file model-v8.pdb (PDB, N, CA, C and O atoms)
MODEL        1
ATOM      1  N   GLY P   1      -3.730  -3.866  -2.589  1.00  0.00           N
ATOM      2  CA  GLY P   1      -4.843  -4.773  -2.356  1.00  0.00           C
ATOM      3  C   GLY P   1      -4.445  -6.016  -1.577  1.00  0.00           C
ATOM      4  O   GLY P   1      -4.926  -7.110  -1.861  1.00  0.00           O
ATOM      5  N   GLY P   2      -3.574  -5.849  -0.592  1.00  0.00           N
ATOM      6  CA  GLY P   2      -3.134  -6.975   0.210  1.00  0.00           C
ATOM      7  C   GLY P   2      -2.046  -6.587   1.191  1.00  0.00           C
ATOM      8  O   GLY P   2      -2.104  -5.516   1.801  1.00  0.00           O
ATOM      9  N   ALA P   3      -1.042  -7.443   1.327  1.00  0.00           N
ATOM     10  CA  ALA P   3       0.075  -7.190   2.229  1.00  0.00           C
ATOM     11  C   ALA P   3       1.363  -7.760   1.652  1.00  0.00           C
ATOM     12  O   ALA P   3       1.356  -8.821   1.037  1.00  0.00           O
ATOM     13  N   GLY P   4       2.460  -7.038   1.841  1.00  0.00           N
ATOM     14  CA  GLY P   4       3.738  -7.475   1.321  1.00  0.00           C
ATOM     15  C   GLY P   4       4.808  -6.416   1.488  1.00  0.00           C
ATOM     16  O   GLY P   4       5.017  -5.908   2.588  1.00  0.00           O
ATOM     17  N   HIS P   5       5.487  -6.085   0.399  1.00  0.00           N
ATOM     18  CA  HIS P   5       6.545  -5.083   0.424  1.00  0.00           C
ATOM     19  C   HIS P   5       6.181  -3.892  -0.454  1.00  0.00           C
ATOM     20  O   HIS P   5       6.492  -2.750  -0.120  1.00  0.00           O
ATOM     21  N   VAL P   6       5.534  -4.162  -1.581  1.00  0.00           N
ATOM     22  CA  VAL P   6       5.143  -3.105  -2.505  1.00  0.00           C
ATOM     23  C   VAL P   6       3.769  -2.558  -2.132  1.00  0.00           C
ATOM     24  O   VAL P   6       2.796  -3.298  -2.104  1.00  0.00           O
ATOM     25  N   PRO P   7       3.684  -1.258  -1.829  1.00  0.00           N
ATOM     26  CA  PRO P   7       2.424  -0.609  -1.440  1.00  0.00           C
ATOM     27  C   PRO P   7       1.410  -0.524  -2.582  1.00  0.00           C
ATOM     28  O   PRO P   7       1.767  -0.238  -3.724  1.00  0.00           O
ATOM     29  N   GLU P   8       0.145  -0.773  -2.257  1.00  0.00           N
ATOM     30  CA  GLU P   8      -0.929  -0.722  -3.242  1.00  0.00           C
ATOM     31  C   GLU P   8      -1.628   0.637  -3.243  1.00  0.00           C
ATOM     32  O   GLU P   8      -1.434   1.444  -4.149  1.00  0.00           O
ATOM     33  N   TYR P   9      -2.462   0.877  -2.236  1.00  0.00           N
ATOM     34  CA  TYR P   9      -3.204   2.128  -2.148  1.00  0.00           C
ATOM     35  C   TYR P   9      -2.663   3.032  -1.049  1.00  0.00           C
ATOM     36  O   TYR P   9      -2.312   2.569   0.041  1.00  0.00           O
ATOM     37  N   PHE P  10      -2.623   4.323  -1.346  1.00  0.00           N
ATOM     38  CA  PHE P  10      -2.156   5.330  -0.406  1.00  0.00           C
ATOM     39  C   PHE P  10      -3.310   6.262  -0.062  1.00  0.00           C
ATOM     40  O   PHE P  10      -4.174   6.517  -0.898  1.00  0.00           O
ATOM     41  N   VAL P  11      -3.321   6.771   1.158  1.00  0.00           N
ATOM     42  CA  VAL P  11      -4.375   7.684   1.581  1.00  0.00           C
ATOM     43  C   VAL P  11      -4.030   9.125   1.209  1.00  0.00           C
ATOM     44  O   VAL P  11      -3.099   9.367   0.440  1.00  0.00           O
ATOM     45  N   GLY P  12      -4.786  10.073   1.755  1.00  0.00           N
ATOM     46  CA  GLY P  12      -4.564  11.481   1.466  1.00  0.00           C
ATOM     47  C   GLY P  12      -3.166  11.957   1.802  1.00  0.00           C
ATOM     48  O   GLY P  12      -2.559  12.704   1.042  1.00  0.00           O
ATOM     49  N   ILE P  13      -2.656  11.524   2.940  1.00  0.00           N
ATOM     50  CA  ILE P  13      -1.317  11.918   3.374  1.00  0.00           C
ATOM     51  C   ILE P  13      -0.237  10.994   2.807  1.00  0.00           C
ATOM     52  O   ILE P  13       0.793  10.763   3.438  1.00  0.00           O
ATOM     53  N   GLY P  14      -0.485  10.491   1.601  1.00  0.00           N
ATOM     54  CA  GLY P  14       0.458   9.616   0.916  1.00  0.00           C
ATOM     55  C   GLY P  14       0.909   8.424   1.742  1.00  0.00           C
ATOM     56  O   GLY P  14       2.019   7.924   1.563  1.00  0.00           O
ATOM     57  N   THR P  15       0.059   7.961   2.641  1.00  0.00           N
ATOM     58  CA  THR P  15       0.392   6.825   3.479  1.00  0.00           C
ATOM     59  C   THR P  15      -0.302   5.565   2.972  1.00  0.00           C
ATOM     60  O   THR P  15      -1.529   5.518   2.888  1.00  0.00           O
ATOM     61  N   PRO P  16       0.470   4.535   2.610  1.00  0.00           N
ATOM     62  CA  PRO P  16      -0.085   3.288   2.102  1.00  0.00           C
ATOM     63  C   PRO P  16      -0.590   2.375   3.213  1.00  0.00           C
ATOM     64  O   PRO P  16       0.152   2.017   4.128  1.00  0.00           O
ATOM     65  N   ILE P  17      -1.850   1.984   3.119  1.00  0.00           N
ATOM     66  CA  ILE P  17      -2.446   1.093   4.106  1.00  0.00           C
ATOM     67  C   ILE P  17      -2.829  -0.216   3.421  1.00  0.00           C
ATOM     68  O   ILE P  17      -3.872  -0.815   3.683  1.00  0.00           O
ATOM     69  N   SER P  18      -1.954  -0.642   2.525  1.00  0.00           N
ATOM     70  CA  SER P  18      -2.134  -1.866   1.764  1.00  0.00           C
ATOM     71  C   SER P  18      -0.908  -2.111   0.905  1.00  0.00           C
ATOM     72  O   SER P  18      -0.278  -1.165   0.429  1.00  0.00           O
ATOM     73  N   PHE P  19      -0.571  -3.369   0.706  1.00  0.00           N
ATOM     74  CA  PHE P  19       0.582  -3.730  -0.102  1.00  0.00           C
ATOM     75  C   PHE P  19       0.184  -4.807  -1.103  1.00  0.00           C
ATOM     76  O   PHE P  19      -0.991  -5.123  -1.226  1.00  0.00           O
ATOM     77  N   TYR P  20       1.151  -5.357  -1.818  1.00  0.00           N
ATOM     78  CA  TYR P  20       0.865  -6.385  -2.811  1.00  0.00           C
ATOM     79  C   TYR P  20       1.649  -7.644  -2.500  1.00  0.00           C
ATOM     80  O   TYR P  20       1.085  -8.702  -2.225  1.00  0.00           O
ATOM     81  N   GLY P  21       2.954  -7.501  -2.545  1.00  0.00           N
ATOM     82  CA  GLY P  21       3.848  -8.599  -2.270  1.00  0.00           C
ATOM     83  C   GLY P  21       5.214  -8.081  -1.904  1.00  0.00           C
ATOM     84  O   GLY P  21       6.031  -8.842  -1.352  1.00  0.00           O
TER
ENDMDL
END
call {"tool": "encode", "arguments": {"input": "model-v8.pdb", "output": "C-alpha cells"}}
result
Amino acid sequence: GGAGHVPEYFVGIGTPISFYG
C-alpha cells in the first residue's frame, strides 16, 4: 500500500506493484 523495500500487493504473475517501507 505504498512504496519502499517490502512489497505489499502482488498481481497474478506474482509481481508486486506496491511496497510498504
call {"tool": "resolve_selection", "arguments": {"input": "model-v8.pdb", "expression": "the PyMOL selection byres ((chain P and resi 4) around 5)", "output": "PyMOL selection string"}}
result
chain P and resi 2-3+5-6+19-21
call {"tool": "write_last_selection", "arguments": {"input": "model-v8.pdb", "atoms": "N, CA, C and O atoms", "output": "JSON list (two decimals), in the coordinates of the input"}}
result
[["chain", "number", "residue", "atom", "x", "y", "z"],
["P", 2, "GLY", "N", -3.57, -5.85, -0.59],
["P", 2, "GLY", "CA", -3.13, -6.98, 0.21],
["P", 2, "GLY", "C", -2.05, -6.59, 1.19],
["P", 2, "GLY", "O", -2.10, -5.52, 1.80],
["P", 3, "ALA", "N", -1.04, -7.44, 1.33],
["P", 3, "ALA", "CA", 0.08, -7.19, 2.23],
["P", 3, "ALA", "C", 1.36, -7.76, 1.65],
["P", 3, "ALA", "O", 1.36, -8.82, 1.04],
["P", 5, "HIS", "N", 5.49, -6.08, 0.40],
["P", 5, "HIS", "CA", 6.54, -5.08, 0.42],
["P", 5, "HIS", "C", 6.18, -3.89, -0.45],
["P", 5, "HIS", "O", 6.49, -2.75, -0.12],
["P", 6, "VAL", "N", 5.53, -4.16, -1.58],
["P", 6, "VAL", "CA", 5.14, -3.10, -2.50],
["P", 6, "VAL", "C", 3.77, -2.56, -2.13],
["P", 6, "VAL", "O", 2.80, -3.30, -2.10],
["P", 19, "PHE", "N", -0.57, -3.37, 0.71],
["P", 19, "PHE", "CA", 0.58, -3.73, -0.10],
["P", 19, "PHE", "C", 0.18, -4.81, -1.10],
["P", 19, "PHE", "O", -0.99, -5.12, -1.23],
["P", 20, "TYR", "N", 1.15, -5.36, -1.82],
["P", 20, "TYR", "CA", 0.86, -6.38, -2.81],
["P", 20, "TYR", "C", 1.65, -7.64, -2.50],
["P", 20, "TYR", "O", 1.08, -8.70, -2.22],
["P", 21, "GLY", "N", 2.95, -7.50, -2.54],
["P", 21, "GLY", "CA", 3.85, -8.60, -2.27],
["P", 21, "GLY", "C", 5.21, -8.08, -1.90],
["P", 21, "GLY", "O", 6.03, -8.84, -1.35]]
call {"tool": "select_by_dssp", "arguments": {"input": "model-v8.pdb", "residues": "chain P", "states": "strand (DSSP E or B)", "output": "tab-separated table (two decimals) with N, CA, C and O atoms, keeping the file's coordinate frame"}}
result
chain	number	residue	atom	x	y	z
P	2	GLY	N	-3.57	-5.85	-0.59
P	2	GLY	CA	-3.13	-6.98	0.21
P	2	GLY	C	-2.05	-6.59	1.19
P	2	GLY	O	-2.10	-5.52	1.80
P	3	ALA	N	-1.04	-7.44	1.33
P	3	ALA	CA	0.08	-7.19	2.23
P	3	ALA	C	1.36	-7.76	1.65
P	3	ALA	O	1.36	-8.82	1.04
P	4	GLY	N	2.46	-7.04	1.84
P	4	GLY	CA	3.74	-7.48	1.32
P	4	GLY	C	4.81	-6.42	1.49
P	4	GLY	O	5.02	-5.91	2.59
P	5	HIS	N	5.49	-6.08	0.40
P	5	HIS	CA	6.54	-5.08	0.42
P	5	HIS	C	6.18	-3.89	-0.45
P	5	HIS	O	6.49	-2.75	-0.12
P	6	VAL	N	5.53	-4.16	-1.58
P	6	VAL	CA	5.14	-3.10	-2.50
P	6	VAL	C	3.77	-2.56	-2.13
P	6	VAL	O	2.80	-3.30	-2.10
P	7	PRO	N	3.68	-1.26	-1.83
P	7	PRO	CA	2.42	-0.61	-1.44
P	7	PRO	C	1.41	-0.52	-2.58
P	7	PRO	O	1.77	-0.24	-3.72
P	10	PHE	N	-2.62	4.32	-1.35
P	10	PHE	CA	-2.16	5.33	-0.41
P	10	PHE	C	-3.31	6.26	-0.06
P	10	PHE	O	-4.17	6.52	-0.90
P	16	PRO	N	0.47	4.54	2.61
P	16	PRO	CA	-0.08	3.29	2.10
P	16	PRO	C	-0.59	2.38	3.21
P	16	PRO	O	0.15	2.02	4.13
P	19	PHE	N	-0.57	-3.37	0.71
P	19	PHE	CA	0.58	-3.73	-0.10
P	19	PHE	C	0.18	-4.81	-1.10
P	19	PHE	O	-0.99	-5.12	-1.23
call {"tool": "atom_distance", "arguments": {"input": "model-v8.pdb", "atom1": "atom N of residue 13 of chain P", "atom2": "atom N of residue 1 of chain P"}}
result
16.4 Å
